[PDB]
Amino acid sequence: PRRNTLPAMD
Amino acid sequence: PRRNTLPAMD
Amino acid sequence: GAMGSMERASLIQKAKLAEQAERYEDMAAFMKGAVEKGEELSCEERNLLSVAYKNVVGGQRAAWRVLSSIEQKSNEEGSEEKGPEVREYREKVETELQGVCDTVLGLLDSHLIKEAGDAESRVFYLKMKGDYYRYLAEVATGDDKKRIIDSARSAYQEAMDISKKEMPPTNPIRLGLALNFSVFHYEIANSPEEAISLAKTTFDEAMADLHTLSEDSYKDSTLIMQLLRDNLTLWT
Amino acid sequence: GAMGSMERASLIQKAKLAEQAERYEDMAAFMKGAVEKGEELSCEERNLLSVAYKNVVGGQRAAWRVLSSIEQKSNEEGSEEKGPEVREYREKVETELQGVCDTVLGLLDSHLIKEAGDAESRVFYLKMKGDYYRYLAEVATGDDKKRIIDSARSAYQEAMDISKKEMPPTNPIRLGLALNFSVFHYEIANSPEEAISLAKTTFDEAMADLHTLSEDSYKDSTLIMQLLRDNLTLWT
Ligand SMILES: [Mg+2]
Ligand SMILES: [Mg+2]
Ligand SMILES: [Mg+2]
Ligand SMILES: [Mg+2]
C-alpha cells in the first residue's frame with residue numbers, strides 16, 4: 001500500500 | 001453491467 | 001515497420017514485459033512486429049496478439065461510448081448548443097479506433113489467415129476477424145454499414161462451421177467464439193432470439209461434454225460457460 | 001504545435017471531454033495546446049493541466065517500476081541470463097517518462113511560472129516543478145542526479161516559503177504541496193525524519209485552523225489531512 005502524493009491517478 | 005465478450009480488458 | 005530491426009524472439013519477450021507493465025499499446029506494436037516477420041504464430045503468441053489489441057481497442061471503445069453518449073444528449077431538444085467540439089472529438093476517437101481495427105484486419109489478411117491450417121489457429125483468426133469487423137460495425141453509420149456487418153457475420157460463420165466440425169463443444173476457443181457471435185446477433189444484427197438460442201445451445205452442449213475433461217480443462221471451459229449463462233440471465 | 005489551429009476555448013472543452021473518456025494522453029495534449037496560446041490559466045484550467053499530466057506520467061511510472069523490478073531480479077546471482085531486452089524496454093519506458101517530465105517543465109519555464117503572480121498560481125506551478133523534477137529523480141542514476149534532486153528541492157522550498165506567507169494552513173494547495181515535499185524528503189532525499197516532521201507540523205497547523213472554514217472547505221482540507229496522517233501511520 002503506497003504512500004500518498006497528490007494529485008492521484010484516476 | 002455489460003454483457004460479456006472475450007477476451008476481456010485487463 | 002518500426003519493429004523491422006528487432007528479433008522476433010525479442011519482440012515476443014517485450015510483448016510479455018509490456019503486458020506485465022500494462023503497456024498495451026507497446027504490447028500491440030511488439031506483436032504487430034512479430035506477425036510481420038512472416039512466420040506463423042504459436043498458440044501462446046496468438047493469445048498475446050489478441051490480448052494486446054483487445055486492450056487497445058477496449059480503451060478506444062469505452063471512450064467512444066462516453067463521447068457518443070455526450071453527443072446524443074447535446075442533440076436532445078432543450079440542450080444548449082456548444083459547438084462542434086463534441087462531434088469533432090468523438091470523430092477523432094472513432095477514426096483512431098477504426099485505424100486499430102484496420103490494422104488487425106490487415107494482419108489477418110496479410111497473411112495470418114491464409115497460412116492457418118489447423119483448426120485452433122484458423123478458428124482463432126476468423127473469430128478475430130469477426131470481432132474487429134464487429135467493432136467497426138459498432139461505430140458505422142454510413143453506406144457500408146451493412147457490408148461491415150456482413151463481413152463480421154461471414155467471418156464468424158466460417159469459424160463456427162470449422163469449430164463445430166473440428167473441435168469438442170468444450171473447447172475454449174469454440175466457446176469464446178460462440179459467446180461473441182451470440183453478442184453479435186444480439187446487439188449488431190438485431191437478432192436477440194438467435195443470440196439467445198446460440199448461447200443456450202452452446203452452454204448445453206458444453207455441459208454434456210464436461211465429463212471428458214481433466215480438472216484444469218474443466219476449469220477453463222466452465223469459466224466461459226458462466227459468461228454464456230450470465231449473458232442469458234441478462235437477456236431473459 | 002499540433003494544437004496551434006484550435007481555439008483555446010475548444011482545447012479546454014476537449015480536455016474536459018477527454019477526462020470523462022479517460023483519454024489522458026489526449027487531455028494532456030489539449031492542455032499543452034491551451035498553455036501554448038500564451039494566456040495565463042485559471043484555477044480550473046491549472047487543475048486540468050495537472051490532472052492530465054499526472055495520469056500520463058502515472059502510467060509511465062507504474063510501468064517503469066514493474067520493469068525496473070524485473071530488471072533487478074535478473075541481476076541477482078543464479079538468475080538466468082535473458083539478453084538485453086528487459087534493460088532495453090525499461091530504458092524505452094524511462095526515456096518516454098523523461099520526455100513527459102521535460103515537456104511539463106518546459107511549459108512551466110515557457111512561460112507559466114514567470115507570469116504567475118498570485119500565491120495560488122505561483123505555488124501551484126512551483127509544486128508542479130518540484131513534482132516533475134522528483135519523477136526525473138526517481139529514475140536518475142547518473143552524474144546529474146544530485147542536480148535533479150536539488151532542482152526539485154529548490155522548487156518545493158520556494159513554493160513552501162510563499163505558501164507559508166500567503167496562504168492559510170488549511171489551503172488545499174498548501175496541504176498537497178506539503179504532502180508531496182514530505183514524500184520527497186522520505187524517499188528522494190533520504191531524510192525520513194524531515195518527512196515525518198513536515199507531515200506532522202502540517203497536519204497539526206491545519207487542524208488548528210479548521211474552525212475558520214465552511215463545511216465544504218472543511219471537507220476539502222480534511223481529505224488531504226487524512227493523506228498526511230496515512231503517510232505518518234505508514235512511516236511510524
Ligand atoms: Mg526496429
Ligand atoms: Mg421469443
Ligand atoms: Mg491544430
Ligand atoms: Mg528519530
Side-chain angles (χ1 to χ4, degrees), chain A residues 2 5-10, chain C residues 2 14 17-18 21-29 56 59 63 96, chain D residues 1-4 11-12 14-16 18-19 21-37 41 45-68 71 87-113 124-142 144-145 147-149 151-152 155-156 159 176 180 183-184 187-188:
Chain A
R2 257 171 85 77
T5 49
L6 281 174
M9 283 180 77
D10 188 328
Chain C
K14 289 177 186 182
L17 294 169
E22 302 191 348
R23 294 270 297 194
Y24 288 109
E25 289 186 35
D26 288 348
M27 194 188 178
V56 169
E96 190 190 294
Chain D
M3 300 299 179
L11 289 164
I12 298 295
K14 289 177 186 182
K16 292 179 188 165
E19 189 183 17
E22 302 191 348
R23 294 270 297 194
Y24 288 109
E25 289 186 35
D26 288 348
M27 194 188 178
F30 290 140
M31 287 312 300
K32 180 180 186 288
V35 169
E36 288 168 352
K37 301 300 175 183
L41 308 190
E45 294 160 357
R46 290 194 296 275
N47 280 290
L48 290 175
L49 176 72
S50 168
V51 164
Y53 277 105
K54 191 53 169 280
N55 275 275
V56 169
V57 81
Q60 298 172 317
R61 291 163 75 206
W64 184 95
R65 288 197 295 275
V66 168
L67 299 173
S68 194
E71 187 178 16
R87 172 188 56 78
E88 290 173 347
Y89 184 48
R90 190 266 301 155
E91 279 173 359
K92 175 193 153 66
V93 176
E94 182 175 304
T95 300
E96 190 190 294
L97 176 158
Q98 286 166 329
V100 168
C101 292
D102 288 350
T103 289
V104 172
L105 294 166
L107 294 175
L108 298 169
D109 201 50
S110 307
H111 299 273
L112 286 172
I113 287 172
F124 185 93
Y125 292 134
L126 290 168
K127 174 187 170 290
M128 281 191 34
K129 186 176 187 176
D131 285 343
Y132 283 84
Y133 272 112
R134 173 161 60 87
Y135 312 141
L136 290 176
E138 289 177 346
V139 307
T141 56
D144 58 2
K145 176 194 191 45
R147 262 176 294 266
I148 292 169
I149 289 174
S151 292
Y156 282 138
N180 285 19
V183 168
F184 168 84
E187 67 182 30
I188 306 293

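The sequence lines fix the lettering, A, B, ..., with proteins before strands; numbering per chain opens at 1.
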Check your understanding: Could you give the distance from CG (D/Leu108) to OG1 (D/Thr103), rounded to the nearest 0.5 Å?
Key -> 11.0 Å
Check your understanding: With sequence neighbours excluded, what pairs up with C/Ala18 under the side-chain contact (heavy atoms from CB on, under 4.5 Å) test?
Key -> C/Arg23, C/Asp26, C/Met27, C/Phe30, D/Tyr89
Review point. About how many Å separate CD of D/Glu91 and CG of D/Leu97, when rounded to the nearest 0.5 Å?
Key: 13.5 Å
**Study point:** Closest non-hydrogen atom pair, D/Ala34 against D/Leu11
**Key:** N-CD1, 3.7 Å
Practice item. Taking ring pair (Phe, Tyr, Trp, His ring centres under 6.0 Å) as the test, write out the residues that go with D/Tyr53, two or more places apart. Key: none
Check your understanding: Do the side chain of D/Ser151 and the main chain of D/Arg147 share a donor and acceptor less than 3.5 angstrom apart?
Key -> yes
**Study point:** With D/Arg65 via side-chain hydrogen bond (donor to acceptor under 3.5 Å, both in side chains) - residues at least two apart
**Key:** none
Study note, to complete from the structure: Residues D/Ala152 and D/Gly130: closest non-hydrogen pair is CB-O, 3.6 Å
Exercise for review: For D/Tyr135, enumerate each residue passing the ring pair (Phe, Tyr, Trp, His ring centres under 6.0 Å) test, keeping only those at least two apart in sequence or located in another chain.
Suggested key: D/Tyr132
Practice item. Please report the closest heavy-atom contact between D/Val93 and D/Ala63, naming both atoms and the distance. Key: CG1-CB, 4.1 Å
Check your understanding: CG of D/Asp109 to CG of D/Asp102: how many Å apart, nearest 0.5 Å?
Key -> 11.5 Å
Revision key, fill the gap. C/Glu25 meets the side-chain hydrogen bond (donor to acceptor under 3.5 Å, both in side chains) criterion, sequence neighbours left out, with none
**Study point:** Any D/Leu49 side-chain heavy atom under 4.5 Å of D/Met128 side chain
**Key:** yes
Check your understanding: Can you name the residues that form a ring pair (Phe, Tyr, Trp, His ring centres under 6.0 Å) with D/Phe124, not counting sequence neighbours?
Key -> none
Review point. Does a side-chain heavy-atom distance below 4.5 Å link D/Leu136 with D/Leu105?
Key: yes
Practice item. Any chance you could measure A/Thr5, atom OG1, to D/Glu187, atom CD, to the nearest 0.5 Å? Key: 8.0 Å
Check your understanding: With a 4.5 Å heavy-atom cut-off, do D/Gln60 and D/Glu96 have their side chains touching?
Key -> yes
Review point. Atom CZ of D/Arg90 and atom CG of C/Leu17: how far apart are they, to the nearest 0.5 Å?
Key: 12.0 Å
Study note, to complete from the structure: By side-chain hydrogen bond (donor to acceptor under 3.5 Å, both in side chains), A/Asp10 pairs with (sequence neighbours left out) D/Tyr24
**Study point:** Partners meeting salt bridge (charged side-chain N to carboxylate O under 4.0 Å, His left out) with D/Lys37 (sequence neighbours left out)
**Key:** none
**Study point:** D/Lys92: partners by side-chain hydrogen bond (donor to acceptor under 3.5 Å, both in side chains), with sequence neighbours left out
**Key:** none
Practice item. For D/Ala159 and D/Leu126, work out which heavy atoms get closest and say how close. Key: CB-CB, 3.6 Å
**Study point:** Separation of D/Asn180 CG from A/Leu6 CG (nearest 0.5 Å)
**Key:** 6.0 Å
Exercise for review: Can you sort out the partners of D/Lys54 under salt bridge (charged side-chain N to carboxylate O under 4.0 Å, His left out), two or more places apart, ordered by chain and number?
Suggested key: none
Check your understanding: When you measure from the side chain of D/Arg46 to the backbone N and O of D/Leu41, does any donor-acceptor pair fall under 3.5 Å?
Key -> yes
Practice item. Would you mind listing every salt bridge (charged side-chain N to carboxylate O under 4.0 Å, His left out) that reaches into residues 128-138 of chain D, with sequence neighbours excluded? Key: D/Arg61-D/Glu138, D/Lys127-D/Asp131, D/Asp131-D/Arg134
Point to revise | With sequence neighbours excluded, residues passing side-chain contact (heavy atoms from CB on, under 4.5 Å) with D/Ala140 | key: D/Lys145, D/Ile148
